[PDB]
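This report concerns only the one structure given below.
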Amino acid sequence: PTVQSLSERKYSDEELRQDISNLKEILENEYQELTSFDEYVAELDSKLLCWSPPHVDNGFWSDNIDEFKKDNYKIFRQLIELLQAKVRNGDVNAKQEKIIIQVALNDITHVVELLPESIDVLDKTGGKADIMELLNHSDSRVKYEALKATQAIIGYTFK
Amino acid sequence: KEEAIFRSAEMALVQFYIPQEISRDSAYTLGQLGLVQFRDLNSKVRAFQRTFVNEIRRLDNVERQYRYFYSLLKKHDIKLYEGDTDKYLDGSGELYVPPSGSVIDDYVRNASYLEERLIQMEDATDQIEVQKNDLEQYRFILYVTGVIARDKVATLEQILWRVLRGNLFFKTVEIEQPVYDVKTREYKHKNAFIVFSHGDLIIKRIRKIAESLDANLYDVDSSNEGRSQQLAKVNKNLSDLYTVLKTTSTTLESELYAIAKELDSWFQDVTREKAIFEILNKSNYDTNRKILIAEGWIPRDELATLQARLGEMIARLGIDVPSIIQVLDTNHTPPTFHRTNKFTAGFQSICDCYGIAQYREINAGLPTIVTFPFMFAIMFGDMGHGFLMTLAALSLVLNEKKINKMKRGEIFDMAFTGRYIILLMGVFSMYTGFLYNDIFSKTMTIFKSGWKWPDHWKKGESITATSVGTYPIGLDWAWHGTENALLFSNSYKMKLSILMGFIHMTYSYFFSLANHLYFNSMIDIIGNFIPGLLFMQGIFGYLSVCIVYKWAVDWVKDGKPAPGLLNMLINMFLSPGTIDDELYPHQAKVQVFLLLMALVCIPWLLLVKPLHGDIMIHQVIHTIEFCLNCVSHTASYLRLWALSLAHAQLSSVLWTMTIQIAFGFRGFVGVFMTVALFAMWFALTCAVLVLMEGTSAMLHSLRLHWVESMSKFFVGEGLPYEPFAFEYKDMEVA
Amino acid sequence: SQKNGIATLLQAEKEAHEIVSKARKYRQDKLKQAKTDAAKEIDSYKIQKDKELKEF
């Protein structure tokens, strides 16, 4: 976003403008490389999820959602298991844990809208109850994502 | 020192050369300073290809986002949380120069992020409200089954029994409570639509008919166990929806409350940068070099202050590149600048609505602050109506601070603009009522009458009065309620109005003298002032002085008859020396002498000015226009008399037909009679009189200043001076 | 003077633009000289490699 704003700004120097354009192209290439479903799978395999993939793969890159659908929502089940483990760990107050929970909630909300069948998996695994409990969490940044996920699940799947 | 404004102050055209980096900061500090008018630099470049178009459209988008936020605020229970403080902070920016900063990009990003989040939240809330409304109908419990408004259930039953000539079962039940209809957007009553019939096609037709009547149906289970299970599932879903709806509503309300706590500040700021970028495009910017360069109009007596402020800004910033400015003395007409306090702002605005006083001459805005209210009072004199209007003004003055932070509205818009004019207006009304001794057309008795009635007046017989004294201030109250009073008042006003109008003409024409003398104008003064002045004096000032002398001499006591005023005016123009009775010795010689002087004024006013004429065509029309216009204004001065009589006898008739009937027979019913009649009299005295004819005489005394005063010395229109400044306009709406 | 100051500012801007253009031309000449030096280095490497092969 900083590079986008700098490109928006009207720098006087032509050399500065060319450098800004080159940096913007490099950043765009890096973002495109970050839109790999394999990268998202690798990140989900470990902890401490990053925020650059989940804005495309669980989103505009519907191919990633289609791949996550495979093995009877294997990726969705893995994400739900990670979220349930984080909730049961009791360390939600941690800032890093809060960020991880927020990323997981955003990914789960993105997946639920694409695949309504995952609502049954979440209910069977207790994901719905966990999300409802997290809706009352004091973490306002996490609370917004939890409310969005609950609205997506209740609004579309529960209807 | 002081830099007050008679008509203007010497102002300078200054050009600006500034570095690209600090250009925006200089524009912002200049705007919050607001003292320079930028002339046209790149007006040739049309709007669609200006330099700063992309940030212009970005700021338009963020302004639309702010309007969307304010729409949400008015839709909810919050409005201008920071309005008390943000408005003051923007107003406190004067003589403070608040920093602007490069947080504009952060503002844009945050506004877009909040806009999209609020859009998503609003969509979620509306969808969940729709779900909640649907589930309430689904919560009903006791073939086909559905719900419908209780008003149309009878019509549905009748049409179903008619179109289906066969028999069917109908067991409609009214809903316990009204439900908010989705289509009607109202909480109308509802009723069940349970029905059973045989035949698949018949059932389909019944379903189609029910759906045609805006009836929503549900798959109600006939079995008790299945119905109970469905009801339990619906109840669990409804409870979950209630929880998530409450969470979403709380989050949305918190977000809107947080936004409203600072929305006014961001709105005012972004409008200020809108103006800043508008001025930026207005400049002569060129990216091939030092980006920004422009020119502007500044008052000369604050160029040092402007340079000091710019240097202070440069010190505040990290750039050491100088951005000094110098005066460029062009031949173009400089703008017109008028400093004015709150006691004079409305006066000057109303005065120069006619035209713009171009330069450092003498204007008409200054004498207006005193001539306007007194002319109106002369046309309006009354303690009663003046007292009501002065109390209105005073109640609009003490609560000024209350009114500064609120919109007057279409009832008090012009009143708010003319907030201080009507105050001195009412004070002069106090004066004129003291002289025109009527109070609601009734005369006061504070001072002993100078005229004594006969010791034995016959009841019903005509009664005379002998002048056994004189009244200190105002008309003698013995005049009130007499037949000859009106005539006496007509004569006295005639003369009062003619003297006041003549003196106003002389004052304005001496303003013309001062205007001419400020410049060289050696040809102008000799060509216009002295001949016109001599004509105007010799006729109308001679009339005035002979009026005054006629008053001074005791005509009754001197034995000499008082000559006809208008005859002594006009037999000059008809036949000099034809005097029935001279005012003073050698009167006819004075007549012929100054009549010849007035006659020779015309060739003077026609010949001496066009000398080198090419401007003779303008000179002759100016001369004829001036003479006919002088006589026209001198005649128009009689409608001060006209308005005075209108007001006096209008108040007289109103009082005579309201209060002189109020007392009635002074009975028990007479109490209600006088209460109702005084209520009617007060309602009329305010709404009819002080509004309608009060505004009429105000506007007529204003006609004075439009034509009679300014046409004498207002040379022409000049360039208005509107420096680039912010004003914190449009706090909430635009 | 004011007009003299404006002319001086315009001349300074023109001088800055000329300096920028000269810097760009120097960069282009440096690229050309880099290409020439690369050709010379290739020739020198070829000569050294031929000498090494002959020595072997």
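Chains as they are written, first to last, in the entry's author numbering: chain P, 320 to 478; chain a, 4 to 145, 186 to 655, 709 to 830; chain L, 2 to 57. From the three backbone atoms N, C-alpha and C, an ideal C-beta is built for every residue, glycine too.
query                                                                                                                                                            : result
Beta-carbon within less than 6 Å of a/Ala127's beta-carbon, same chain only, minus the 5 sequence neighbours each way: which residues are those?                 : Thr291
If you scan the region 215–274 of chain a from start to end, which runs of the alpha helix (DSSP H) of 4 or more residues do you find wholly inside it?          : 243–255
Considering only the beta carbon of each residue, do a/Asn327 and a/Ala337 sit closer than 7 Å?                                                                  : yes
What is the C-beta distance between a/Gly469 and a/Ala508, in whole angstroms, given that I count them as a contact (C-beta under 8 Å)?                          : a/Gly469 to a/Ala508, Cβ: 34 Å. No contact.
Under the DSSP definition of a beta bridge, which residues are partnered with a/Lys495?                                                                          : a/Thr509
In the region 345–374 of chain a, which residues sit with their C-beta less than 8 Å from some C-beta in chain L, listed in chain order?                         : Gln369, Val370, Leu371
So the candidates are a/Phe9, a/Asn558, a/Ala775, a/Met827; which of them puts its Cα closest to the Cα of a/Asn384?                                             : a/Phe9
Taking the runs of the alpha helix (DSSP H) that are 4 residues or longer, which of them lie wholly in the region 714–795 of chain a?                            : 734–758, 764–780
Could you give the first and the last residue of the continuous beta strand (DSSP E) run that contains a/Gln40?                                                  : Counting along the chain, a/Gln40 falls outside any beta strand (DSSP E), and DSSP gives it neither H nor E.
Could you name the residues that DSSP lists as bridge partners for P/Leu401?                                                                                     : Paired residues: none, contrary to the question.
Which runs of the alpha helix (DSSP H) fall wholly inside the region 367–438 of chain P and span at least 4 residues, in chain order?                            : 381–408, 414–433
Applying the 10 Å Cβ sphere with the 16-neighbour rule, what's the burial state of a/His241?                                                                     : exposed
What are the partner residues of a/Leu16, as DSSP defines its beta bridges?                                                                                      : a/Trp340
The alpha helix (DSSP H) spanning a/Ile357 covers which residue range?                                                                                           : 346–359
Any idea if a/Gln401 is buried or exposed, counting beta-carbon neighbours within 10 angstroms, 16 or more meaning buried?                                       : buried
Just how far apart, CA to CA, sit a/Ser297 and a/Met124?                                                                                                         : 12 Å
Please return the same chain residues whose Cβ sits closer than 8 Å to the Cβ of a/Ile717, not counting the five positions on each side in sequence.             : none
Since a/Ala458 meets chain P, which of its residues come closer than 7 Å, beta carbon to beta carbon?                                                            : Chain P residues near a/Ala458: none, gap ~47 Å exceeds 7 Å.
With a threshold of 7 Å between beta carbons, is a/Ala114 in contact with chain P?                                                                               : no
Measuring CB to CB, does a/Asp623 end up less than 7 Å from a/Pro606?                                                                                            : yes
Considering only the beta carbon of each residue, do a/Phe419 and a/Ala793 sit closer than 7 Å?                                                                  : yes
Does any residue of chain L have a CB that is nearer than 7 Å to the CB of a/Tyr20?                                                                              : yes
On a CA-only basis, which of a/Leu530, a/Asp456, a/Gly429 is nearest a/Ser472? Give me that one, please.                                                         : a/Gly429
Tell me the start and end of each unbroken beta strand (DSSP E) in the region 543–607 of chain a that is at least 3 residues and wholly inside, in chain order.  : none
Taking 7 Å as the threshold (beta carbon to beta carbon), is L/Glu16 in contact with chain a?                                                                    : no
Where do the N-terminal and C-terminal ends of the beta strand (DSSP E) with a/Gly189 fall, by residue?                                                          : 189–191
Taking Cβ positions only, does L/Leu10 come closer than 7 Å to chain a?                                                                                          : yes
State the CB to CB distance for the pair P/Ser324 and a/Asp108, rounded to an integer number of angstroms; the pair is presumed to be in contact (CB under 8 Å). : 5 Å
With a threshold of 7 Å between beta-carbons, can a/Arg42 be considered close to chain L, or not?                                                                : no
Taking P/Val360 as part of the alpha helix (DSSP H), name the residues at either end of that continuous run.                                                     : 356–364
Could you tell me which chain a residues have their CB closer than 8 Å to the CB of L/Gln3, listed as they occur along the chain?                                : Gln18, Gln369, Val370, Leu371
Please classify a/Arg315: is it buried, with 16 or more other beta-carbons within 10 angstroms of its beta-carbon, or exposed?                                   : buried
Does the region 405–424 of chain P come within contact of the region 449–456 of chain P, defined as at least 3 CB pairs closer than 8 Å?                         : yes
Taking a/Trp309 as the reference, which of a/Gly812, a/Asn113, a/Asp129 has the closest Cα?                                                                      : a/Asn113
Do P/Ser331 and a/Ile393 come within 7 Å of each other at the CB atom, strictly closer than that value?                                                          : no
DSSP three-state label for a/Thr379, please.                                                                                                                     : strand
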